[PDB]
Every structure is written in structure tokens, then in C-alpha cells.
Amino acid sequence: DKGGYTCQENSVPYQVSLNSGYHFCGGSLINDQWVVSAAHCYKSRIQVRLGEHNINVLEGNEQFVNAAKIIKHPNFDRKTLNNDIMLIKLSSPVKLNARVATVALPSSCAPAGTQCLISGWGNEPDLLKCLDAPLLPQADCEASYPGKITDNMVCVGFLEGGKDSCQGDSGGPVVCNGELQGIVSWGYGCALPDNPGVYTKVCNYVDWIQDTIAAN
């Protein structure tokens, strides 16, 4: 499978599950009223579930909130996946605690080699999974995906494969040194050699995110 390990219960408090009858994508809580995810995770109706660990059991720490507004990046390309980022405004503020918390937006772009934490239920998803992986140099990313990588994408993982994010993880976070540096987006297969996961480079969208939240 994924090649990761089960995260410690509620050790990733900013992680959310997007649900429209069942879990289909992940996301990250950036403030008590907004969630950031991937644009290809768009659906007209979305329920955000916070404080989750085992998505198949009512554990008692979860908060269920419906999305009030769903805003995709205006330049999202469904074919190339460039600008694969989306903002979701919750119907009401969530209650922040030890199991439901926000993750900071990047102060700058993390350099290649930076170790990060990728999380998601991408595994019959059940427990939240974790993976420690480094941001790869852009040249290696480009070499793995000839002519498919734009400057708004970054590869995270291993060129030998073995560990990677997979279906069910889209929209999820890639956090490095306490900042959200990436959003699970795509890849050819999962954990295959010479094909690490490709992620949306969040540091290129901080202003868009901040400006959008301010106007909505």
C-alpha cells in the first residue's frame, strides 16, 4: 500500500475530510472558517469533517460543517492541473481545540531537500495515514514527468518509489516546518519508481488566498 504509517491520534489537527456521502478528498484548515484543498476535488455540495481519525466510526471529537462557498482558482486547468487549488468557506466557524487546529500558510517557498509530513486517508479508507518525505529538486521532478511540470507544482517523495500519496489523499496537506507547502494533486500511479507525487506549490498562492478570504 501507500508505504506510510498510521498517524498518532489527532497528531494532525489541521487535517480535514471532504465528504459528500463518503470520503473523497482531504483538505487543510487555515483559519476557523476556511479550508484549502485541490480544485479537482470540486463538488457542488460538500460536508467538511474535522477532528477525525477513523472516518468510519463516530469517535466523539469530530465536528461536521457544510461548505457555504466553494472557490476554485480562476486559472485552474482541468487537463494540465496547473493551479490545482481551491478554497472552501464553512457555513459557520469551527471550535478550535487540541484536536481541531489551523496550519500556517508559507512564509516563503521551502527549498528542495526540506523534510515534510504528508497526511491523508488514501490507504477502504479508515485510519489517517502519515508519511515523512522530502521536497525534491525541480530538475528531478521535470525529469520524471517530461513537459508536464509547471512552476506551480513541486514533487515530494522518493525517486525509487515505495512511499507516496494515493487516491483518497487529494487536497490533503504537505507540511514542512509548521507551514503548508503543498497540496496533494496528482502522479502517475502511486509509489512507482521514477514517478513521485506531484503537489500544488502553495507558496505561489498566499496572496490569492489572503485576498480571497478578505473579499468573501
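Heads up: residue numbers just count along the shown sequence, starting at 1.
In terms of unmodelled positions of the deposited sequence, the chain runs continuously from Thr114 to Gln115 in this entry. Higher average CA B factor: 137-145, of the stretches 137-145 and 84-92. Per the PDB record, of the two stretches 52-60 and 166-174, 52-60 carries the greater mean B-factor over its C-alpha atoms. When all modelled residues of the chain are sorted by CA temperature factor, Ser119 is found within the lowest third.
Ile70: CA B factor lies in the middle third for its chain, per the PDB record.
Among the modelled residues of the chain, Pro196 sits in the middle third by CA temperature factor in this PDB entry. Annotation for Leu29: C-alpha temperature factor in the lowest third relative to the rest of the modelled chain, per the entry. In the deposited entry, the Cα temperature factor of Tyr188 sits in the middle third of values across the chain's modelled residues.
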